[PDB]
Structures are given as structure tokens and as C-alpha cells.
Colleague: 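What follows is a single structure, and I will ask about it in a moment.
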Amino acid sequence: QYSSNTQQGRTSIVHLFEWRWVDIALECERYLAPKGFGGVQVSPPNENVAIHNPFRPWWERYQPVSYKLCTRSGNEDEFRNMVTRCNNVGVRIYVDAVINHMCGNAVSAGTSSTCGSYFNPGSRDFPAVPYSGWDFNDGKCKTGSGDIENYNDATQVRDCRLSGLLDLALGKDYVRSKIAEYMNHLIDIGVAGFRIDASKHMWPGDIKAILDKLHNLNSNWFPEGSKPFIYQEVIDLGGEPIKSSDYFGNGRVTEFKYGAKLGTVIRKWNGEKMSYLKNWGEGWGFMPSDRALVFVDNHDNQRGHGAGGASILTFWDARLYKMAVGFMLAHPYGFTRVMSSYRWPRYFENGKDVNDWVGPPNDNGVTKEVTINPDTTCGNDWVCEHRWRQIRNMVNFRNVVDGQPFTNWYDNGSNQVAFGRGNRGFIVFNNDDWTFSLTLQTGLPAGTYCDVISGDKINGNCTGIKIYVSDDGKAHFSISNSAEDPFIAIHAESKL
Ligand SMILES: [Ca+2]
Ligand SMILES: [Cl-]
């Protein structure tokens, strides 16, 4: 479950949050494939609750009604069509598996579901699965409210309702099987792995028992013996009885310390400065690199939702955001996930975004397609951070330098740093209030290199800044403190 299963030479997965299957399918063939992306994390593909108050919030997709592959992103035909087309061009699909619970216990019974299935939360009735009262932890939970009341109690965090969400009895073989059934449906369709939603709220053993029932990946695209890639969502910033390491047996785990710390550093808050990033990684208290699923922000924290703090950088902070993502993509630590979002009508009430619930761009509830402007940007309020040249070129930078060791690090004691990856790449950052002008050892072979942040290499020339690495591997860098993108990057494939 530790192998990404991505095509030979691809190191990142992008989260196309709330995107529709047909758009992802197209996105794979026209952009993701030729741009070297490894895979796409898709929003939950199973039928969820249609919550009309508020109007179709993004979080309704985290409230299962059944395992029918029918959502606002598309039906089963479209889902299968997407997986096939993406796999045919070397781009993998990773499913966000919401298996810890069904919907909120207070949701009204009826057919307000993305596929019309009937369900009765009050009576614990989900016939489309089917699940009955016998399949939830109502009698196992020992709290007075029946919900999770204290995270200092590892047991209730696992057996009680997460904010009211009906907690599935993952200890029962029947439930474990119904879930395995759903996941094998996805695997057989072509899925390459899963993001396991709310991993902290399930015993590491129940998850395992579920994974033990899964098929090997589709043998038309994946080698024999291939197991689904597994990265469990566990928010652990320390201090809790539950640790991210408790899940290393099932696969990789989300490292929420990564984004929180990088953001505080890049924003230069709490006395942090980029020069401190020289021992970035385990040296900062993070989990082992071979188990970490890193990212700057995710669909949750870019909204402050159960977020890791205000330090989290997002597309709203474009300039600093690109530096954060660039550094992550260049640093060998962990497996990188790039975020891609939609712009919502953010409105504050003093540290309160009352519009953080707003779902994806839509027309009366129907998710809007992703239009592609000529400058390769996206319309209909889709941010598409993964298409920003600075991020897109850094995704390839990670591919190019893959396997090379972190070396040639330099820092000015403040916020001007630079480091390379073996003899295949070198990146430079200036986050100080003055100019960064210096000759640095890049560890790269002599030549003229295109800065892949400012431009691209095309027809034996650069469209942006050019860097000249002399015979001893040294090159001059000059990044103004007021540059729109205060960082430069070059690698073996950007060389003329
Ligand atoms: Ca649970
Ligand atoms: Cl996540």
C-alpha cells in the first residue's frame, strides 16, 4: 500500500476538488499526462446526501447514503469512462474513500440523495447498501451524547459519532465486507489507490481487515501483485493519544505538520525563517519520509475547516503560496499532493468566513464544467493552481530530480536560501526584505539553463530568465525582494 502505482517517473498527485468526471477525463489527456502528473485524487465518488440548507455545501459529499457511484461529479458510466481514459494515458485515479460513517444522525429521512436512493438516518436505515441499525456503533459508544466529546479518549474517538455522523461498526465482518465490496468495485474499474477519509476515527485494525479483502489492481494497467496505494487522513500535531504512526501498517499517512509549519515559516511568523528549513523533514518532528503524504493545504484547511491554523497558505495568498509549493516540490521529503480549488465568495465576520460551506461553482446545484481559457487558465471560478506555470513546472522538477539527494544547501542566516538535488536540479529562494544577488554552487553541469519559474524552454531557447552555470558548477542569481515570484529553479531538462 506504500507504492503510488503511478507511471514510471511521475511523483505527484493533484486533488481536483469537486471536479466532474468528464472534466477530469479530459484534463488527463490534454494536460495531466503531457505535464508529467502522477495521478488525481477525486472527491468522493459514492452517493452522498443532498443538503439543501445550506445550498449544496461541499461537505455533503462526506455524508454517504450508499456506495452507488452516483454524485454531482457524474454517474457510474462517467466514472468508469474517466478512470479508463486517464489510465490509458498514464494518469492514475485515487478515490477519497469515506468509510468511517454514513450521514448525520439528524438528517431528515427521504430521498434527498445524489442518486435518489432512500435513507432514514433516525432509524439507521440505508437499504441501498444495505445497512440497518445492527451496522452502527450506537451501542458501542459510551459517551452521553453518543458523539465524540473528548479526543483524549482514543476509544470514543473511534466508536462515537464524529460531529453526529452515524459511525459504522467496522468491527463487524458484514460492514467490513460491504465496504470492501465498494472499494473492489473501484479497484476493478481501474482505481490505483485511496485517500482514507477520517482514518483517525477508525481502529487501525478495522481498516486493515477491510484492506485484506481488496483485489490486486486491474491487471490490464498494473503489474501482477499490485496493491492499491493507501494514504490515510490523520490529523496529528502531537499531544493526542492517537499517533499517525498507529497507521503505518496500512500505508502512508497525511502529515498535517508539514503545511502548518511551512506556512508559519513562509509567512515569517512566530520567529520562523527559511534558513531554518535546512533540516526540513524528520528533523522538524515529522513522520518518516517514506510514510508521509505532504501538501501545503487541503480541501479542509484552505478554509479553516478543522484547519491546522491561520498559517495555512492557499491560492488566496498566491505569491507566498507558490513559494511554499515550490519548496515542497523541490524537497525530497514525502509524497507530494498538489491542491487545485475553486474560488468561492469568501466573506468574513472578523475571523469568520461564513461562506466556507459554499460548494463548487454551479447553476442551481449543477456543478459547472471546467472551461479552459487560451492562456491555459480556467474559467467558471475554478482556480486550477496545478496549471499555474510556477507550480506546474515544479511538478516536473520533482520528476526530473527524483532520487537525487538533498545537497548544496545555502542560507544567509535569514530568509535567502537555496539547495539542489544531486546533479539534476537547483532551486533558489529570496524571502528577505532586500535583494538576493550571489554566485552559488548549483552542483549542475556547465551550461545555460531556463528558469522554469519565470519561463519555459522551447525550441532551443528560453522564454524567461536564463541561468549560466560555469565549469565549476557555479552560477549567479539575482532575485529582487519585490519580484512577483521570488524564486528560481533549473534542472537537467531545462538546460539548452
Ligand atoms: Ca468510527
Ligand atoms: Cl487529506
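Counting starts at 1 for both ligands and their atoms, following the listed order. Residues: numbered from 1 along the sequence shown.
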Colleague: Quick one: do the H201 and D167 side chains pair a donor with an acceptor below 3.5 Å?
Modeller: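 No, no side-chain donor-acceptor pair sits under 3.5 Å.
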Colleague: Could you list all the salt bridge (charged side-chain N to carboxylate O under 4.0 Å, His left out) pairs where at least one residue sits in residues 48-59, not counting sequence neighbours?
Modeller: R56-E60
Colleague: Under the rule for side chain to side chain contact (heavy atoms under 4.5 Å, CB included), what residues qualify as partners of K257, not counting sequence neighbours?
Modeller: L237, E255, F286
Colleague: Is it true that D197 and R195 make a salt bridge, defined as a side-chain N closer than 4.0 Å to a carboxylate O?
Modeller: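 Yes, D197 and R195 are salt-bridged.
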Colleague: What protein N/O/S atoms sit under 3.0 Å from the Ca ion (ligand 1), by chain and number?
Modeller: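 Under 3.0 Å from the Ca ion (ligand 1) - ignoring waters, which are not counted - the protein N, O or S atoms are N100 OD1, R158 O, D167 OD1, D167 OD2, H201 O.
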Colleague: In terms of heavy-atom contacts, does NZ of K322 have more than 12 from other residues, nucleotides or ligands at under 6.0 Å?
Modeller: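 Yes, because the 6.0 Å sphere around NZ of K322 holds more than 12 heavy atoms from other groups.
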Colleague: Can you sort out the partners of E29 under salt bridge (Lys or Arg N to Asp or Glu O under 4.0 Å), two or more places apart, ordered by chain and number?
Modeller: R85
